[PDB]
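The chain that follows stands alone, in the form deposited in one PDB entry, written as structure tokens.
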């Protein structure tokens, strides 16, 4: 097999409570091993392994380099966030809900954004919890998610099963019924 050498540099922003707490961590990676890092919490570069030692020592010795990395959390993170607030964080795509048999009843909740979602089963107006198991939240890669929420049942006469779904995109919760 062929040989390969990989270098990664990641400028990551971390946001919490809107824009109250913002943290920048620039990361340098040599083949899956982070070697140098700038973390706005710290305020200067820090080697993270020996390989990253000369790099951090040199970069830290430059008053103008640190000057600019300390400003980065404002120049890059807070700036982009404003654009995110007007677009990406506004994306609301509504779930489409479907019931189907696999003794199992699967409630498919597909194509939504963002990720927050609550799916509850009912049997005849009573909530079912003990007999429910979800798949993990599945990321489609296309800026939507999906999730499958299964329910164990044995169908009796006059039984109505209800999938109940809550999502930021919906003013009112979606309900889909299914009959024996």
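The term rigid core refers to the most C-alpha atoms you can superpose between the two forms while keeping them within 1.5 Å. Residue numbers count along the first chain shown, from 1.
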Please classify the coordinate gap between residue 102 and residue 103 in terms of deposited residues: none, 1 to 3, 4 to 9, or 10 or more. 4 to 9
Higher mean Cα B-factor in the deposited model: 22 to 30 or 114 to 122? 114 to 122
Output the stretch having the higher mean C-alpha B factor in the entry; the candidates are 156 to 164 and 8 to 16. 156 to 164
Binned into thirds over the chain's modelled residues, the C-alpha B-factor of residue 73 lands in the middle
By the entry's values, the third containing the CA B factor of residue 58 is the highest
Third of the chain, ranked by Cα B-factor, where residue 147 sits: lowest
Could you look up the Cα B-factor of residue 138 in the entry and say which third of the chain it sits in: lowest, middle or highest? lowest
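What follows is about the form deposited in another entry, which we do not show.
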Core-aligned between this form and the one not shown, the sole member of 152, 44, 57, 111 showing a Cα shift of 2 Å or more is 152
Once the core is aligned, please say if the CA of residue 128 is shifted by at least 2 angstroms between this form and the one not shown. yes
Rigid core fit then residue 15 CA moved by 2 Å or more between this form and the one not shown: no
